[PDB]
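One chain is shown next in structure tokens, namely the form deposited in one PDB entry.
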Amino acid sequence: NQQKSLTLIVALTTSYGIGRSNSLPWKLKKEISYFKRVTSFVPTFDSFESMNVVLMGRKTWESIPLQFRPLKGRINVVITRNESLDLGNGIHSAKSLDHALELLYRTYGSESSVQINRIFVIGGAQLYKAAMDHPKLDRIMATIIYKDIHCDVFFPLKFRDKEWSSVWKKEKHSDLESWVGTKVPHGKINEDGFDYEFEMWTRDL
């Protein structure tokens, strides 16, 4: 069902809040630009065939402006145990995280003109929970928002806290840029009265 590592990408407050009222209680144009660049990036040589995957829960799928669904240049897969007959000219649907992985590994591969590069779990507290339990998840691309904004949905596992400090390690910034390709902003970024920062955390499998 799985060969490649999974990577989770999330934007969260220091209180682990990730959403409110089914939206994102923060408008950060540069933060979204980073999300797009990371989830889309593939090495030059492999730029011909290779392509990244973004897995998301239904509710997170709905949260994306119709203007941006599907995420261009990336294989989208919406996890949902209930079929509501909506595909929309591509969009794969999967019963579960592991079901989605086998669908992809099946759909693509040898007889495939398009190959898979990286797989990103982009969200939903529910899908985040499942991913944190998955034996192939070894990387978290986190954007820390330094402000206790009000949220009603939170990240399931406190990976930045001491209790998890022997498992999850924060990577050097230079290594972040390397894995990500281009140079990324170092230190806190201010935009709309919000100060945030990019961090990459890894786990040994």
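Heads up, when I say rigid core I mean the largest set of C-alphas that superpose within 1.5 Å between the two forms. We number the residues from 1 along the sequence you see.
The protein also exists as the form deposited in another entry; that form is not presented, and the subsequent description refers to it.
Novice: Could you check which of 164, 146, 41, 48 shows a C-alpha shift of 2 Å or more between this form and the one not shown after a rigid core superposition?
Specialist: Once the cores are aligned, the residue moving by 2 Å or more is 48.
Novice: Rigid core superposed, CA of residue 14 - does it shift 2 Å or more between this form and the one not shown?
Specialist: Result for residue 14: no, shift under 2 Å.
Novice: Taking 2 Å as the cut-off, check whether the CA of residue 189 shifts that much or more between this form and the one not shown after a rigid core fit.
Specialist: Residue 189: C-alpha displaced by less than 2 Å between this form and the one not shown.
Novice: Between the shown chain and the other structure, the Cα gap of residue 44 to residue 112 differs by 3 Å or more. Is it closer or farther in that other deposited form?
Specialist: Compared with the form shown here, the C-alpha atoms of residue 44 and residue 112 sit closer together in that other deposited form, by 3 Å or more.
Novice: Closer or farther apart in that other deposited form, the C-alpha atoms of residue 22 and residue 192, for a change of 3 Å or more?
Specialist: Closer in that other deposited form, by 3 Å or more.
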